[PDB]
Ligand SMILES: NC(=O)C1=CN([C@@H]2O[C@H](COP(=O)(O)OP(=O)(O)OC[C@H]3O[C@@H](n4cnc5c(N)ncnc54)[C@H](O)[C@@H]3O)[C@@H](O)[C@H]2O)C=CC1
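Consider the single chain below, provided in C-alpha cells and representing the form solved without the named molecule.
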C-alpha cells in the first residue's frame, strides 16, 4: 500500500522470521519482502510456507524457507545455519513463533508445562543466541521478540502461556543490556487482539469486550504489527532498545 513508509535500510537486509508461514508471521515475511529485504523463515507448515514464498516470488528476493520444529533446538540451530548460507549474516531476527492453546490450571502436567515453555519462550532465547555473532560482525542488528497482552490483561485460560509471554520481558531486557555494547537492539513487540484468518465469529460479549477494551473502535490487523516490526528492524530505530512496544489499539 502506497500510503505506508518505505525503509531504504531494509533493502537487501537479511531478516529471519520464526513461525513465518501463517498469521502475523506471514505478514512479517510479506512486509519485509516488499521492502526489498532478503527474508528467510522457519515453520512446521510446509504447505503454507511454499504458498507464501510463491506469492512473494515477484519481490526483490523470494523468501527462503526451512522447515523446522522449534521445540528441537539442534534442529533450529541447523536451520539457522542453512539459512545463513543462503541469505548471509542475519541482521534482524523476529522471534514470532507461538502457541496460545488454552489449558486449565488443574490440567497442566510437567510435560505440558514444559511444552508450552518450549513452543513459546525457549526458542526465542536460542534463536537469539544463534544470531549474535552475525550481528556483532555486521556492527549491529535488531532482535524483535513477540510478547502478548494476555498477561497484561490478566486473562484466564492459559496460565503457562501468560507466564511464557511475561518471561519475554526479562529475556528482552537481559539481552538488551548485554548486546547493546555491540549495537544490537532487543525489543518486545506486543500485539493486541489481532484479527487474523483464524480469529464476526465472536459472540456479542466478545465484540463488546474488544470495543470496551481498545480505545480505537477498529479491528487490529497483521499489518499494524508488521509495520512496527519494519521500523524496529530498520536503521530508523537505532536507539530504541529494551522496550515493550505495544500495538493494540490502546487496550492493555
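Residue numbers count along the first chain shown, from 1. Between two forms, the rigid core is the largest collection of C-alphas that superpose within 1.5 Å.
What comes next is about the form solved in complex with the named molecule, which does not appear here.
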Backbone and C-beta atoms within 2.4 Å of 3 or more ligand atoms means blocked; with that in mind, superpose the named molecule from its pose in the deposited complex onto this chain and give open or blocked.
open
Per-stretch contact check against the named molecule in the deposited complex, the hit in 83-91, 177-185, 106-114, 145-153 (non-hydrogen atom, 4.5 angstroms)
145-153
Among 98, 79, 130, 135, which has any heavy atom within 4.5 Å of the named molecule in the deposited complex?
98
Look up in the deposited complex whether residue 69 has a non-hydrogen atom within 4.5 angstroms of the named molecule, and give yes or no.
yes
Does residue 194 reach the named molecule in the deposited complex if we count a contact as any heavy atom within 4.5 Å?
yes
In the deposited complex, residue 22 touching the named molecule (heavy atom, 4.5 Å)
yes
Using 4.5 Å between non-hydrogen atoms, is residue 119 touching the named molecule in the deposited complex?
yes
Would the named molecule be touched by all three of 45, 161 and 198 in the deposited complex, meaning a heavy atom each within 4.5 Å?
yes
Residue shift check between this form and the one not shown, rigid core fit, residue 215 Cα at least 2 Å
no
